[PDB]
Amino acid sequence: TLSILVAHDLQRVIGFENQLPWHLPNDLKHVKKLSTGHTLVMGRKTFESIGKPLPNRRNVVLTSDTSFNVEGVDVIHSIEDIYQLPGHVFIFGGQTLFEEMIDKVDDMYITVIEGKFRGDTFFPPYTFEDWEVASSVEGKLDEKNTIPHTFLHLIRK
């Protein structure tokens, strides 16, 4: 199973100066729930921005750097190596990789942040004509989660 796992805002911003533009603990829990025990694939820049691999799942990084090695991180150098990955596989970031992968994945787990942030990294444009809405659940606003947001699970038609 090959999925996209992304959070973007109303204009598809997913990042600004190596950072997430927004602090939203509920989306982290959401990420932890979906991807624990499975596989996360990410481009080199996405990985360096986190700075450490995420616990209790396989971390795969795509890069052309043949010297790249990080403890707890499996390296690939080919888009094509993604399809040899066993199990449920999540394309985690960033803009470059989503652009390469958005026409290949079976489905997408999108967190829509109902805001307009300044960004420099964008999720590629997509139309609902090509995606069925399997589920749409609003996140709950509270003390620590202060931005309206929505979990979408879109499946390709």
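One rule holds for the numbers: they count along the sequence shown, beginning at 1.
Checked against the record, the higher mean CA B factor of 136-144 and 14-22 lies with 136-144.
For the two regions 59-67 and 89-97, the entry's Cα B-factors average higher over 59-67. Highest C-alpha temperature factor among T127, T46, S35, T111 per the entry: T127. Sort the chain's modelled residues by C-alpha temperature factor and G119 lands in the middle third, per the entry. Among all modelled residues in this chain, the alpha-carbon of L28 has a temperature factor (C-alpha) in the middle third. Sorting the modelled residues of the chain by their CA temperature factor places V105 in the highest third.
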